[PDB]
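Participant: From the sequence below, what's the structure:
(chains A, B and C, ligands or ions: 8)
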Amino acid sequence: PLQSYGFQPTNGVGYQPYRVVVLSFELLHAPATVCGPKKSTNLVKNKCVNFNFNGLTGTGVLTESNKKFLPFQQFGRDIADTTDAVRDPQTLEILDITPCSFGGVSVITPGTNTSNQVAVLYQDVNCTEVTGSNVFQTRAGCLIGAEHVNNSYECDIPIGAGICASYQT
Amino acid sequence: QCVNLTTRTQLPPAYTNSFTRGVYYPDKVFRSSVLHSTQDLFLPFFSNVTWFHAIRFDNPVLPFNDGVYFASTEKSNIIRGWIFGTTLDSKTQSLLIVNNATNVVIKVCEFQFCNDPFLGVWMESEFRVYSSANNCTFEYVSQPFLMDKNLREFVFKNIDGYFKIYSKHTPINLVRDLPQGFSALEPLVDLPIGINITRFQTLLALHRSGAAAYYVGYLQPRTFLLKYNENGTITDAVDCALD
Amino acid sequence: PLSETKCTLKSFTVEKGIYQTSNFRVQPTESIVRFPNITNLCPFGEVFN
Ligand SMILES: *[C@@H]1O[C@H](CO)[C@@H](O[C@@H]2O[C@H](CO)[C@@H](O[C@@H]3O[C@H](CO)[C@@H](O)[C@H](O)[C@@H]3O)[C@H](O)[C@H]2NC(C)=O)[C@H](O)[C@H]1NC(C)=O
Ligand SMILES: *[C@@H]1O[C@H](CO)[C@@H](O[C@@H]2O[C@H](CO)[C@@H](O)[C@H](O)[C@H]2NC(C)=O)[C@H](O)[C@H]1NC(C)=O
Ligand SMILES: *[C@@H]1O[C@H](CO)[C@@H](O[C@@H]2O[C@H](CO)[C@@H](O)[C@H](O)[C@H]2NC(C)=O)[C@H](O)[C@H]1NC(C)=O
Ligand SMILES: *[C@@H]1O[C@H](CO)[C@@H](O)[C@H](O)[C@H]1NC(C)=O
Ligand SMILES: *[C@@H]1O[C@H](CO)[C@@H](O)[C@H](O)[C@H]1NC(C)=O
Ligand SMILES: *[C@@H]1O[C@H](CO)[C@@H](O)[C@H](O)[C@H]1NC(C)=O
Ligand SMILES: *[C@@H]1O[C@H](CO)[C@@H](O)[C@H](O)[C@H]1NC(C)=O
Ligand SMILES: *[C@@H]1O[C@H](CO)[C@@H](O)[C@H](O)[C@H]1NC(C)=O
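Facilitator: Numbering: from 1, shown residues only, chains lettered A, B, ... in the order given. Ligands and ions are numbered 1, 2, ... in the order given. Take a look:
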């Protein structure tokens, strides 16, 4: 029933032998155990990034953490299981996820019956992330277009955290 | 090669041990300074976890539901693995977890299993557990489970196709009881098999021409409030359905 | 910003003060996807070739 072929260097392609390897892909009721290689992108830390670590995602700034963990653990969690830390899958460092900065935009308006001089306060953000030439950092947010004075005065146009604006010559 | 180890005494299992405490870590999470409420397959605090003793061996087949608790007080090192499966015979596919120096060998196949498994005892042999195998689904090597007088605790859970094993080995001064205080088990392996397990039994070894006690239980869906520190370690716990 | 204030308030005359006209959102500049160390320790390579 089983016989050899007279395969020779002088036969044409239809008869010439070939070494054939066959790839066949199966799905059964089991956890998957095989896939191809994966490719990571380069890690950037102190910038807003749309991150994906082992399938877990979010947007933020990722920098070195002062947290400790068991060799076992991979992710840190905040309220309602929001990820607040990851360990890198390749680099054995714990990285703290700072949510990417957000806040409202508060516009400091003179009476329009006086002038068109307007400054803008960006809430919950540093003047590293927003700027312009007249850029000052307040406790409330990043203030651009206004100047700062060391003296105290009464309060006409509130910024927050003890800081309040007004108009002077 | 397979031999009959059976004591042939009824040896009613004892329930003189309460299982005061013991959980496993539910996920890979860096939690700290938090009491986190988790609903998972935890063993109840203060439960009817059975006390068994071998050597004249005591290694009966006990049911496996969603998961199983196992512990031992060995110094004598007579335990070398566990067998799990739907029938533990040649009718269905089954899983053998066997420990030896430096590692554990894990195999899942349709095996022809003997009536009372044991290990050959220098040289070692698993032909006292199974006579043959074919139609294999899974093979795995990593790190030993029975790592080495500590209480050796393990939890075996079988969900979503994975056989999840957690463990801890904590020093003891006890012979027939458990140490008191809170402790949580860490994952040893997350094993991707696709196996249906309904019952299991212990693999013992002794030169055939010391002895050991075992504590075996089962786990239930329960809610626990778990206390985590600034290390990711669970340091304490409350069983929300006990009292 | 002066015009933004007039629009948020539905007025072409505005009294001295602070009004919220828009929201501030820092945008992501990059995309980072990370996977564990990948090594081809696989019997697949004993068949192909
Ligand atoms: C994943 O693979 C990377 C390679 O891209 C591994 O990083 C490599 O780790 C080794 C061991 O630490 C490094 O060798 C030594 O590193 C130290 C400090 O980096 C250096 O002082 C020694 O001279 C020596 O080179 C190697 O440099 C490092 N490579 C890079 C690019 O960082 C990484 O360990 C692997 N991760 C896992 C989880 O296996
Ligand atoms: C203990 O078991 C390990 C693996 O769990 C044994 O490793 C064997 O290694 C040889 C050669 O490297 C392989 O051919 C075998 O397939 C492995 N055996 C098994 C059962 O996987 C190791 O030899 C065993 N003994 C010791 C003393 O470590
Ligand atoms: C959690 O980790 C902290 C930080 O390393 C440990 O605190 C250290 O404890 C050692 C000895 O126990 C001291 O030498 C260090 O001075 C401590 N470091 C700090 C920053 O306090 C602590 O032991 C760990 N806790 C647990 C329960 O593992
Ligand atoms: C941002 O401003 C805050 C003021 O609360 C300051 O503490 C912090 O150092 C600033 N960060 C940067 C990066 O300038
Ligand atoms: C305000 O104080 C800062 C910091 O001491 C100083 O550099 C600056 O000259 C002061 N400005 C005025 C107007 O006094
Ligand atoms: C289970 O433990 C309880 C402790 O409340 C005990 O009363 C009982 O005897 C044990 N069960 C059996 C079947 O022995
Ligand atoms: C062989 O194992 C595979 C994977 O579990 C299964 O699909 C198949 O039904 C098994 N065959 C027999 C005869 O057990
Ligand atoms: C396990 O048994 C159940 C019976 O409900 C069956 O539906 C399922 O296919 C089995 N799973 C595996 C992985 O064999």
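Participant: Please report the distance of residue A:143 from residue A:85.
Facilitator: According to Cβ to Cβ, to the nearest Å, residue A:143 and residue A:85 sit 32 Å apart. Every residue, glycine included, has its C-beta placed from N, CA and C.
Participant: more neighbours, those two?
Facilitator: For residue A:143 versus residue A:85, neighbours defined as other Cβ atoms under 10 Å in any protein chain shown are more numerous around residue A:143 (26 against 21).
Participant: what are the bridge partners for that one, then?
Facilitator: Here residue A:143 sits in beta bridges with residue A:121, residue A:136, going by DSSP bridges.
Participant: How about residue A:60?
Facilitator: residue A:49, residue A:99.
Participant: show me the contacts for the spatially most central residue of chain A.
Facilitator: Among the residues of chain A, the smallest C-alpha distance to the mean C-alpha position (Cα atoms, centre = their mean) belongs to residue A:49, namely 2.6 Å. Listed by Cβ atoms under 8 Å, 6 or more residues apart in numbering or on different chains, the contact set of residue A:49 reads A:59-62, C:28-32.
Participant: Ok, residue B:52 next?
Facilitator: By Cβ under 8 Å, 6+ apart, the residues touching residue B:52 are B:13, B:58-60, B:202, B:213-216.
Participant: which secondary structure element contains it?
Facilitator: strand B:50-54 (DSSP states H and E).
Participant: So what are the sheet partners of the next helix or strand after that strand and their directions?
Facilitator: On the C-terminal side of strand B:50-54, the closest following helix or strand by DSSP H and E is strand B:62-63. Based on DSSP bridges, the pairing partners of strand B:62-63 within the sheet are strand B:199-204 (antiparallel).
Participant: List the contacts of the helix or strand just after the strand it pairs with.
Facilitator: Taking DSSP H and E as the definition, the helix or strand that follows strand B:199-204 towards the C-terminus is strand B:212-218. Strand B:212-218 is contacted from outside by B:17, B:19, B:43, B:47-55, B:62-65, B:67-74, B:76, B:78-79, B:175-176, B:178, B:202, using Cβ under 8 Å, 6+ apart.
Participant: Just the buried residues of the residues you listed.
Facilitator: B:17, B:19, B:43, B:47, B:49-54, B:62, B:64, B:67-74, B:78-79, B:178, B:202 (16 or more other Cβ atoms under 10 Å in any protein chain shown).
Participant: mind listing what the spatially closest residue to residue A:146 that is not a sequence neighbour touches?
Facilitator: Closest residue in space to residue A:146, ignoring its immediate chain neighbours: residue A:119 at 3.8 Å, by Cβ to Cβ, 6 or more residues apart in numbering or on different chains. Contacts for residue A:119 were tallied using Cβ under 8 Å, 6+ apart; they are A:107-108, A:134, A:143-146, A:165, C:1.
Participant: And the furthest pair within the residues you listed?
Facilitator: For the contacts of residue A:119, with distances taken as Cβ to Cβ, the pair at the greatest spread is A:107 and A:134 (14.6 Å).
Participant: Which secondary structure state does residue C:3 sit in?
Facilitator: When the structure is split into helix, strand and coil by DSSP: H, G, I helix; E, B strand; the rest coil, residue C:3 lands in helix.
Participant: before we move on, what about the one 3 residues further on?
Facilitator: For residue C:6, the secondary-structure state derived from three-state DSSP is helix.
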